[PDB]
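S.K.: Please read through the structure below; I'll follow up with questions.
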Amino acid sequence: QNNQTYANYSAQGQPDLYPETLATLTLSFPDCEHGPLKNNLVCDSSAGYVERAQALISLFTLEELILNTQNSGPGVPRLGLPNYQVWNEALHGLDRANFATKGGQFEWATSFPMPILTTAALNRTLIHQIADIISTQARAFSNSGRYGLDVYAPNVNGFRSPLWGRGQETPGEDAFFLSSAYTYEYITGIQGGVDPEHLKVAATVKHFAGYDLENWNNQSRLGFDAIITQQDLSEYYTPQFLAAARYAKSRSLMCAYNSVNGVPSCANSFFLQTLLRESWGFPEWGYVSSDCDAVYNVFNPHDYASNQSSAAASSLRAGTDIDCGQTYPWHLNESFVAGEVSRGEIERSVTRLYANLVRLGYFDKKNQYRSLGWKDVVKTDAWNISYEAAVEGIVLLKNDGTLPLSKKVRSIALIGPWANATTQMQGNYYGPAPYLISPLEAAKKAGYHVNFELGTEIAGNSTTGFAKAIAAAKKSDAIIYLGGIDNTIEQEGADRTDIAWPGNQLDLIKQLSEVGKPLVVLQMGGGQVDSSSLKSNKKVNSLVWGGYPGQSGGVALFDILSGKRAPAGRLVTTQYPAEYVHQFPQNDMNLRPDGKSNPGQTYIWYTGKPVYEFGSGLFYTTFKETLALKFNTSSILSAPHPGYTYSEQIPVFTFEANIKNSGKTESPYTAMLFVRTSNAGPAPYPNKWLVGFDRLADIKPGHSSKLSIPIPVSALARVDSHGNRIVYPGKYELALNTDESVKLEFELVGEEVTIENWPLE
Ligand SMILES: *[C@@H]1O[C@H](CO)[C@@H](O[C@@H]2O[C@H](CO)[C@@H](O[C@@H]3O[C@H](CO[C@H]4O[C@H](CO)[C@@H](O)[C@H](O[C@H]5O[C@H](CO)[C@@H](O)[C@H](O)[C@@H]5O)[C@@H]4O)[C@@H](O)[C@H](O[C@H]4O[C@H](CO)[C@@H](O)[C@H](O)[C@@H]4O[C@H]4O[C@H](CO)[C@@H](O)[C@H](O)[C@@H]4O)[C@@H]3O)[C@H](O)[C@H]2NC(C)=O)[C@H](O)[C@H]1NC(C)=O
Ligand SMILES: *[C@@H]1O[C@H](CO)[C@@H](O[C@@H]2O[C@H](CO)[C@@H](O[C@@H]3O[C@H](CO)[C@@H](O)[C@H](O[C@H]4O[C@H](CO)[C@@H](O)[C@H](O)[C@@H]4O[C@H]4O[C@H](CO)[C@@H](O)[C@H](O)[C@@H]4O)[C@@H]3O)[C@H](O)[C@H]2NC(C)=O)[C@H](O)[C@H]1NC(C)=O
Ligand SMILES: *[C@@H]1O[C@H](CO)[C@@H](O[C@@H]2O[C@H](CO)[C@@H](O)[C@H](O)[C@H]2NC(C)=O)[C@H](O)[C@H]1NC(C)=O
Ligand SMILES: *[C@@H]1O[C@H](CO)[C@@H](O[C@@H]2O[C@H](CO)[C@@H](O)[C@H](O)[C@H]2NC(C)=O)[C@H](O)[C@H]1NC(C)=O
Ligand SMILES: *[C@@H]1O[C@H](CO)[C@@H](O)[C@H](O)[C@H]1NC(C)=O
Ligand SMILES: *[C@@H]1O[C@H](CO)[C@@H](O)[C@H](O)[C@H]1NC(C)=O
Ligand SMILES: *[C@@H]1O[C@H](CO)[C@@H](O)[C@H](O)[C@H]1NC(C)=O
Ligand SMILES: *[C@@H]1O[C@H](CO)[C@@H](O)[C@H](O)[C@H]1NC(C)=O
Ligand SMILES: [Zn+2]
Ligand SMILES: [Zn+2]
Ligand SMILES: [Zn+2]
Ligand SMILES: [Zn+2]
Ligand SMILES: [Zn+2]
Ligand SMILES: [Zn+2]
Ligand SMILES: [Zn+2]
Ligand SMILES: [Zn+2]
Ligand SMILES: [Zn+2]
Ligand SMILES: [Zn+2]
Numbered sequence: 021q022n023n024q025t026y027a028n029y030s031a032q033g034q035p036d037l038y039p040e041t042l043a044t045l046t047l048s049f050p051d052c053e054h055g056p057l058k059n060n061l062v063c064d065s066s067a068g069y070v071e072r073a074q075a076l077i078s079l080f081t082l083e084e085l086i087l088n089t090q091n092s093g094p095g096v097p098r099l100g101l102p103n104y105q106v107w108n109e110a111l112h113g114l115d116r117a118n119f120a121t122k123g124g125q126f127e128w129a130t131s132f133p134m135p136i137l138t139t140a141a142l143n144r145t146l147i148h149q150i151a152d153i154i155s156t157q158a159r160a161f162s163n164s165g166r167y168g169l170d171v172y173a174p175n176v177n178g179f180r181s182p183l184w185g186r187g188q189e190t191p192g193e194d195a196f197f198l199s200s201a202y203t204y205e206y207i208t209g210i211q212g213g214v215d216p217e218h219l220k221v222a223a224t225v226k227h228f229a230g231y232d233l234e235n236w237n238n239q240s241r242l243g244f245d246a247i248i249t250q251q252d253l254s255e256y257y258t259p260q261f262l263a264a265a266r267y268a269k270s271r272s273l274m275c276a277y278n279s280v281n282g283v284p285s286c287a288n289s290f291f292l293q294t295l296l297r298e299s300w301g302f303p304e305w306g307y308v309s310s311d312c313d314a315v316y317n318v319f320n321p322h323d324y325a326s327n328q329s330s331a332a333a334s335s336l337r338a339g340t341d342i343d344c345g346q347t348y349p350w351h352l353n354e355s356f357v358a359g360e361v362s363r364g365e366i367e368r369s370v371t372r373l374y375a376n377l378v379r380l381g382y383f384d385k386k387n388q389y390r391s392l393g394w395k396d397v398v399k400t401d402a403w404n405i406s407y408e409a410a411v412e413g414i415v416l417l418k419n420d421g422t423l424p425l426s427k428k429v430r431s432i433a434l435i436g437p438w439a440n441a442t443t444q445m446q447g448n449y450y451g452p453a454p455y456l457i458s459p460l461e462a463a464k465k466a467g468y469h470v471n472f473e474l475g476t477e478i479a480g481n482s483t484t485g486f487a488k489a490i491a492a493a494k495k496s497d498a499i500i501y502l503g504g505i506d507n508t509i510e511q512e513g514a515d516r517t518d519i520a521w522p523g524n525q526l527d528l529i530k531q532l533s534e535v536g537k538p539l540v541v542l543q544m545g546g547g548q549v550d551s552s553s554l555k556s557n558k559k560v561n562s563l564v565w566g567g568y569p570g571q572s573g574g575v576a577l578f579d580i581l582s583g584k585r586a587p588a589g590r591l592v593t594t595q596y597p598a599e600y601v602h603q604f605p606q607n608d609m610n611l612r613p614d615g616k617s618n619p620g621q622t623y624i625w626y627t628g629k630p631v632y633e634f635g636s637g638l639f640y641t642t643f644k645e646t647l648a654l655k656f657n658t659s660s661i662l663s664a665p666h667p668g669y670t671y672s673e674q675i676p677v678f679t680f681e682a683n684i685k686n687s688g689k690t691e692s693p694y695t696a697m698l699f700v701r702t703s704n705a706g707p708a709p710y711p712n713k714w715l716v717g718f719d720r721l722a723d724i725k726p727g728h729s730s731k732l733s734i735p736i737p738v739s740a741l742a743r744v745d746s747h748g749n750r751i752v753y754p755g756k757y758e759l760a761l762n763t764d765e766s767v768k769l770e771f772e773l774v775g776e777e778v779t780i781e782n783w784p785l786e
């Protein structure tokens, strides 16, 4: 929009936003005791939140309403109503806050691992706690004028194509179960429960819907025209948004840049009204924000509206309330003149925003969250949940016993482009951290003598650094190589063009494997890279996926490597062979194989051979898993369901297994539980799909713990060609983990039961 020369938004991965959209405002609170609003109902803390917002909006001029439909809302100075910023980031810690540059207070916020790594922990309680800490820190900043009260998080699109520049931001490739679980825990942590009266921070689940590429084949996200079947929309592209609106009761949602089936998401009433509000029960006074600036893109480049004013009117009437951008505040005035919008329509959207702000305590100085301050940031940071999340999520992919490092390992050759990682560890959407502990610093802190060499860049073809790296390996007891990908490889606005290791890293690794020393390789980054040559090289003793491990990443990594902590992470995406992305267009949105070039996408449908499967992870001990059936689903749905708000949450039954530590090392345990059928519902039948996961506390040698994974009705439903969610009679089989240590067949009997009627059109 703010391009100085010709810009082709069909190709260009980044928008040209106005400085107004991008501005860092100084925030404050209305003075409800003494300011111009003191006798208006909005300042009456005993009045209802809607009535309060309505009384406030009645005081605005039309121009003031229109100007306050943008993310950088100017407020209304004459009313003592401050500017308020809707655009705040919280993906894995606060970002876009007005951070102080000196003086101690507000110089930083906790930098958690990227969500891709946190999710690998398979710990729901962990995700909820991170979100609770993020929202506490958000409130502390808000109370000093340095951050807003709603956040553009979580990013929950499925990580479908493995080259997506932003898959690092997500809970992985399993949109239905794993992503939806993250969605619920995160949103309830941000908001302070399930739609509490006193909202803590408003979540903004994103990006709705069909967005999962930046610019593959030079087709920018900004003008991307996704073609998606109703079945896939229901089954893969939206179930996490159902979970956000229905279960978590997200107060906000962000519509995506792309069109789906010809209609830009922010101008898509089928999405924003029919699905979101009518089908999934998104709060009546919840509000939708556009992406920055998806409303502009309705016009340029989608050409769904012929100008900015018509783009603004179309979006507003479709159900987009707030524009992250300048299209609303600078062109809805023309819409009103042209008769395309009413003042009622504009008032509804601003009232929606302000109704949330009332719920958030924006007008109530005695609100329970208005007293959190800098010491709350300091205290919650000191809990070290960022460290805990990385330690829990790190994934052991290959091991022969080299890990954990024996006490006979005194010196290490620490080599590679991640070896001294600081800012690399933070991924993207990060603010300043209290500290950044590199693997190098942590290795020295752990007692090892460290021979450190860069070896090679992430993406070089210079071999300049190889000789010193090999020399160091020769001098040391063990070799720890840290490399892989980072945000120079995968980022917003620019997808990867391949899913191989970048540069000449694999060459250096191969040469290190020929020195005759123990070799541990750490593959870092959010997307996966093809480690087939490492899997197959006997001289690569260990392989760890370490993601983006946050502020304490170095210590998390080395605590695992030294065995101070024992790993239990499992992969949350498939590690595909490199050729996969060349086999078929990555913007084919169809999940299922098509008997042509599309081999099936994600672990659910892929017909090829992953290098490492979704769900892969090893332990420092061995576990002996043992089991500890006909179900009529119409009957199961006939019973009361105390403890469950929605009937589709009721367990059909609970899978129970005994998990015995049959090895010598105390270790936590993780499990993914998958189900298969070859006769229930429509063909083709998937490989399998995830229906449950859990993580169990440390199990000592010789000890056992019960794994209990309920199998909810919703998890057994399949999706028909119309998008309806139906539980079908037939034969099913559960399998515990990628190693399928336990299997359990069961039958569903009786009639088909409808769980969701997918609305037409
Ligand atoms: C799935 O994820 C969840 C959620 O993240 C994991 O559970 C978390 O586990 C972490 C790490 O073990 C716990 O962190 C520790 O929390 C301490 C504070 O908790 C206590 O107070 C709070 C606030 O009132 C209570 O809520 C807690 O009670 C609840 O939780 C406990 C379990 O923790 C249950 O038993 C209860 O029933 C409650 O449900 C507790 O009472 C916090 O002090 C501690 O931080 C110190 O320790 C770490 C590591 O040692 C240091 O890095 C850090 O700097 C702190 O050290 C300071 O203090 C020590 C004093 O001991 C000094 O020696 C130091 O010098 C320094 O000053 C740590 O953050 C977390 O509480 C817990 N969360 C929840 C919600 O339960 C699960 O384990 C995980 N599950 C699996 C299977 O993996
Ligand atoms: C559990 O929580 C506690 C409480 O927060 C954590 O304890 C804090 O740990 C941090 C990090 O170790 C520590 O911060 C250091 O304080 C030192 C002394 O004041 C500083 O010298 C040091 O600064 C260096 O590191 C920064 C990056 O982190 C750099 O930006 C800075 O420029 C300094 O870097 C120099 O040194 C490094 C390595 O020595 C070198 O690579 C550079 O070249 C450069 O020369 C840190 O700020 C806090 O003091 C701790 N706070 C308290 C109260 O103890 C603890 O880490 C958590 N535990 C886990 C496992 O996460
Ligand atoms: C609709 O509103 C926009 C924004 O207020 C108006 O654009 C401004 O016009 C004023 C007065 O001519 C200029 O001085 C400003 O520079 C413009 N601001 C921006 C950001 O462009 C626009 O004139 C209004 N359109 C109509 C038809 O009323
Ligand atoms: C590892 O990385 C850190 C952070 O990039 C480097 O620390 C910097 O070191 C120089 C002096 O050598 C200081 O002037 C900077 O202020 C440091 N930056 C920070 C953020 O602390 C460090 O030099 C690197 N170490 C190696 C061996 O490459
Ligand atoms: C910005 O790009 C658009 C095409 O997307 C073009 O029509 C417009 O003139 C450009 N603006 C400037 C100042 O070059
Ligand atoms: C703009 O980008 C699209 C997508 O890459 C491309 O097909 C088209 O040819 C480009 N148009 C111009 C005028 O360069
Ligand atoms: C996309 O465009 C870029 C920049 O012009 C170019 O370097 C690249 O070759 C193009 N990619 C494809 C697949 O056409
Ligand atoms: C399943 O349950 C329903 C309602 O409880 C019952 O009417 C029906 O006969 C049952 N079907 C079978 C096959 O048991
Ligand atoms: Zn007074
Ligand atoms: Zn006052
Ligand atoms: Zn909670
Ligand atoms: Zn409708
Ligand atoms: Zn389009
Ligand atoms: Zn089009
Ligand atoms: Zn205009
Ligand atoms: Zn940022
Ligand atoms: Zn123990
Ligand atoms: Zn015991």
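Residues 21 to 648, 654 to 786 in the UniProt record's numbering are what the sequence shown lists, from first letter to last.
Each residue gets a CB set at the ideal place from its N, CA and C atoms; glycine is no exception.
1) In whole angstroms, give me the CA-to-CA distance for residue 601 and residue 239.
2) Got a sec: does ligand 3 put a non-hydrogen atom nearer than 8 angstroms to the Cβ of residue 762?
3) For residue 74, which option in 82, 66, 61, 86 has the closest C-alpha, if you only look at C-alpha atoms?
4) What is the rounded straight-line gap between the Cα of residue 488 and the Cα of residue 405?
5) Going by C-alpha distance, which of 253, 285, 218 is nearest residue 242?
6) With a threshold of 16 other CB atoms inside 10 Å of the CB of residue 655, please say whether the residue is buried or exposed.
7) In the DSSP assignment, find the unbroken beta strand (DSSP E) run with residue 272 in it and report its ends.
8) By the DSSP assignment, the alpha helix (DSSP H) with residue 463 in it spans what residues?
9) For residue 365, collect the residues of the same chain with a Cβ closer than 8 angstroms to its Cβ; drop the 5 residues on either side in sequence, then sort them by chain order.
10) By Cβ distance, which residues of its chain are closer than 7 angstroms to residue 523, with the 5 residues on each side in sequence left out?
11) So if DSSP puts residue 536 in a beta bridge, which residue, or which two residues, is it bridged to?
12) Can you have a look at residue 708 and say buried or exposed, based on whether 16 or more other CB atoms are within 10 angstroms of its CB?
13) Determine the DSSP secondary structure at residue 115, reduced to helix, strand or coil.
14) If residue 500 sits next to residue 537, beta carbons under 8 angstroms apart, how far is it from one beta carbon to the other, in whole angstroms?
15) What number of angstroms, rounded off, separates the C-alpha of residue 652 from the C-alpha of residue 357?
16) Please report the distance separating the alpha-carbon of residue 328 from that of residue 90.
17) Quick one: does the C-beta of residue 607 sit closer than 8 angstroms to a heavy atom of ligand 7?
18) For residue 776, which option in 516, 752, 416, 566 has the closest C-alpha, if you only look at C-alpha atoms?
19) In angstroms with no decimal places, state the Cα-to-Cα distance between residue 141 and residue 567.
20) Given a threshold of 16 other Cβ atoms within 10 Å of its Cβ, counted over all protein chains shown, does residue 720 qualify as buried or as exposed?
21) Let me know the secondary structure DSSP gives residue 127 once reduced to three states.
22) Just checking residue 279 against ligand 14 - is the residue's beta carbon closer than 8 angstroms to any of the ligand's heavy atoms?
23) So is the beta-carbon of residue 321 under 8 angstroms away from any non-hydrogen atom of ligand 13?
24) Which ranges does the alpha helix (DSSP H) cover as unbroken runs of at least 4 residues, wholly within the region 336 to 420, from first to last along the chain?
25) Helix, strand or coil for residue 59 per DSSP?
26) Which residues bound the beta strand (DSSP E) around residue 84?
27) Roughly how many angstroms lie between the CA atoms of residue 717 and residue 71, to the nearest whole one?
28) How many angstroms separate the CA atom of residue 686 from the CA atom of residue 645?
29) Quick one: what does DSSP say residue 747 is sitting in, helix, strand or coil?
30) Given a cut-off of 9 angstroms on the beta-carbon distance, is the pair residue 361 and residue 564 in contact?
31) Does the beta-carbon of residue 168 have 16 or more other beta-carbons within 10 angstroms, so that it is buried, or is it exposed?
32) Going by CA-CA distance only, name the one from 739, 731, 623 that's closest to residue 763.
33) Using a Cβ-Cβ cutoff of less than 6 angstroms, which residues in the same chain neighbour residue 110 once the five nearest sequence positions on both sides are dropped?
M.R.: According to the structure data:
1) C-alpha separation (whole angstroms): 16 angstroms.
2) The beta carbon of residue 762 sits no closer than 8 angstroms to any heavy atom of ligand 3.
3) When C-alpha distances from residue 74 are compared across 82, 66, 61, 86, the shortest belongs to 61.
4) For residue 488 and residue 405, the distance between alpha carbons rounds to 37 angstroms.
5) Ranking 253, 285, 218 by Cα distance to residue 242 puts 285 first.
6) Exposed, by the Cβ-count rule.
7) Per DSSP, residue 272 belongs to the beta strand (DSSP E) from 272 to 275.
8) 459 to 465 is the span of the alpha helix (DSSP H), which, as asked, contains residue 463.
9) Excluding the 5 residues flanking it on each side, residue 365 has same chain C-beta neighbours closer than 8 angstroms at 336, 337, in chain order.
10) Close CB contacts of residue 523 within its chain, under the 7 angstroms cut and outside five residues either way in sequence, are with 476, 477, 478, 479, 480, 481 (chain order).
11) Paired residue(s): none; residue 536 is not in a bridge.
12) With fewer than 16 other beta carbons inside 10 angstroms of its own, residue 708 counts as exposed.
13) Assigned with DSSP and collapsed to three states, residue 115 falls in strand.
14) The pair is not a contact, with the Cβ atoms about 10 angstroms apart (cut-off 8 angstroms).
15) Between 648 and 654 in the chain the model has nothing, and residue 652 is one of the residues in that span.
16) Rounded to whole angstroms, residue 328 to residue 90 spans 14 angstroms at the Cα level.
17) A distance criterion of 8 angstroms places the beta-carbon of residue 607 beyond contact range of ligand 7, judged by its closest non-hydrogen atom.
18) Of the listed residues, the one whose Cα sits closest to residue 776 is 752.
19) Distance between the alpha carbons of residue 141 and residue 567 is about 12 angstroms.
20) Residue 720 comes out buried.
21) Reduced to three states, the DSSP call for residue 127 is coil.
22) Yes, the beta carbon of residue 279 sits closer than 8 angstroms to at least one heavy atom of ligand 14.
23) Yes, the beta carbon of residue 321 sits closer than 8 angstroms to at least one heavy atom of ligand 13.
24) Fully contained in the region 336 to 420 are the following alpha helix (DSSP H) runs of length 4 or more, in chain order: 347 to 357, 363 to 379, 394 to 402, 405 to 413.
25) Residue 59 falls in the coil class under three-state DSSP.
26) For residue 84, no beta strand (DSSP E) encloses it; the enclosing alpha helix (DSSP H) starts and ends at 82 to 87.
27) One C-alpha to the other measures close to 42 angstroms.
28) Approximately 9 angstroms between the Cα atoms of the pair.
29) The answer is coil: DSSP assigns residue 747 none of H, G, I, E or B.
30) Between residue 361 and residue 564, the C-beta spacing is not below 9 angstroms.
31) Label assigned to residue 168: buried.
32) Of 739, 731, 623, the residue nearest in Cα terms is 623.
33) Only 154, 171, 173 meet the Cβ criterion.
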